[PDB]
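Whatever order the structure lists them in is the order used to number ligands and atoms, beginning at 1. Letters A, B, ... are given to chains in the order of the sequence lines, protein chains preceding strands, and every chain is numbered from 1. No hydrogens, no waters, no symmetry mates; every other heavy atom, side chains included, goes into these values.
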2 protein chains.
Amino acid sequence: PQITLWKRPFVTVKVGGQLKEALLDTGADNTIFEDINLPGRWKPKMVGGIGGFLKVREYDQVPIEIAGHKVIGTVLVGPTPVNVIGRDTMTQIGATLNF
Amino acid sequence: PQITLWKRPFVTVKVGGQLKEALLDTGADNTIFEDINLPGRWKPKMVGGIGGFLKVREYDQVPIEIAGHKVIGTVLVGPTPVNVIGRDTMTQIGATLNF
Ligand SMILES: COc1ccc(S(=O)(=O)N(CC(C)C)C[C@@H](O)[C@H](Cc2ccccc2)NC(=O)O[C@H]2CO[C@H]3O[C@@H]4OCC[C@@H]4[C@H]32)cc1
């Protein structure tokens, strides 16, 4: 699609089996969900943001489906106030910003 | 332009007479700059993101040039680690996300 920005650009995403919703966020380098069920051990990772830095759980080689694209990526689980799809995932589906 | 997302999508903008750089940020509701001096009246605002809240000054109906277009609208000013162009500003130049 071609998405205008009059509202927050939420998209449907299937992440490691579960249908979730998340914000396409071009100012985010990383993809981060709050409370998804992902199998197994995770590695600790730090992530920054406007307010300071958070400890998050890093899960690798997680399948992510957006708009019909199946991709495999790194998914963080952490106390973000909204699920975000970052540039790491958006590059894998060929997303561009256009003006 | 058509921008891929392999690197942070910075753009040149002119604001308060100064050339600045800022992220085209679809996850940002508003535009936020650090260390810029604007002339009008401001009102206090708090915004929140990853790692918590940020106190900012809200300046309304402010002129900003982005690429070559004169956009008049809200600009927040506060100690963010990176300047960001938010959706309110980007909608006025017809910016879209495509994939
Ligand atoms: C109401 O108006 C607002 C309100 C909030 C914000 S924001 O900056 O907090 N943010 C909201 C979003 C988290 C829901 C916009 C994001 O695009 C910020 C924009 C941002 C970028 C850098 C630093 C601070 C903020 N990016 C961000 O927090 O990214 C996180 C996750 O991935 C990492 O990539 C980034 O780069 C490395 C660290 C951050 C990490 C902006 C305008």
What part of [X], side chain, backbone, both or neither, has a heavy atom within less than 4.0 angstrom of ligand 1?
X        : result
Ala28(B) : both
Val82(A) : side chain
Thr26(A) : neither

Q.
On a heavy-atom basis, which atom in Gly51(B) and which in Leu54(A) lie closest, and how many Å separate them?
A.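 Closest approach of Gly51(B) to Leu54(A), heavy atoms only: CA-CD2, 4.0 Å.
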Whether the side chain of [X] engages the backbone of [Y] through a donor-acceptor N/O pair (distance < 3.5 Å, no angle test) should be reported.
X        : Y        : result
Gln92(A) : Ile72(A) : yes
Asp88(B) : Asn30(B) : no
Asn83(B) : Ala22(B) : no

Q. Which is closest to atom 16 (C) of ligand 1 by heavy-atom distance: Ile32(A), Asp25(B), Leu54(A)?
A.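 That would be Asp25(B).
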**Q.** Minimum non-hydrogen distance to atom 24 (C) of ligand 1, winning option of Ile85(B), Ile50(A), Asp29(B), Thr31(B)
**A.**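 Heavy atom nearest to atom 24 (C) of ligand 1 belongs to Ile50(A).
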Q.
Just to verify, which of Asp29(B), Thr26(B), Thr31(B) counts as forming a side chain to side chain donor-acceptor pair (under 3.5 Å) with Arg87(B)?
A.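 The side chain to side chain donor-acceptor pair (under 3.5 Å) with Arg87(B) is passed solely by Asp29(B) among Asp29(B), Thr26(B), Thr31(B).
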Q) Are any of the side-chain nitrogens in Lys43(B) or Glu58(B) under 4.0 Å away from the carboxylate oxygens of its partner? A)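 Salt bridge flag = yes for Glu58(B) with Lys43(B).
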Q | Close-contact set for ligand 1 against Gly48(B) heavy atoms, below 4.0 Å | A |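 Ligand 1 atoms under the 4.0 Å threshold to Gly48(B): 4 (C), 5 (C), 9 (O).
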Q: Note the single closest protein heavy atom to atom 11 (C) of ligand 1, along with its residue, its atom name and the distance in Å.
A: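 The protein heavy atom lying closest is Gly27(B) O, 3.6 Å.
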(Q) How far is atom 33 (C) of ligand 1 from the closest protein heavy atom, and which atom is that? (A)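 Closest protein heavy atom to atom 33 (C) of ligand 1: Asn30(A) ND2, 3.4 Å.
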Q) Does ligand 1 have an atom under 4.0 Å from some heavy atom of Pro81(B)? A)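 Contact check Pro81(B) vs ligand 1: positive.
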Q) With distance as the sole criterion, is a donor-acceptor pair present between the side chains of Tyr59(A) and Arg57(A) under 3.5 Å? A)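 Checked: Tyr59(A)/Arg57(A) side chains show no N/O donor-acceptor pair below 3.5 Å.
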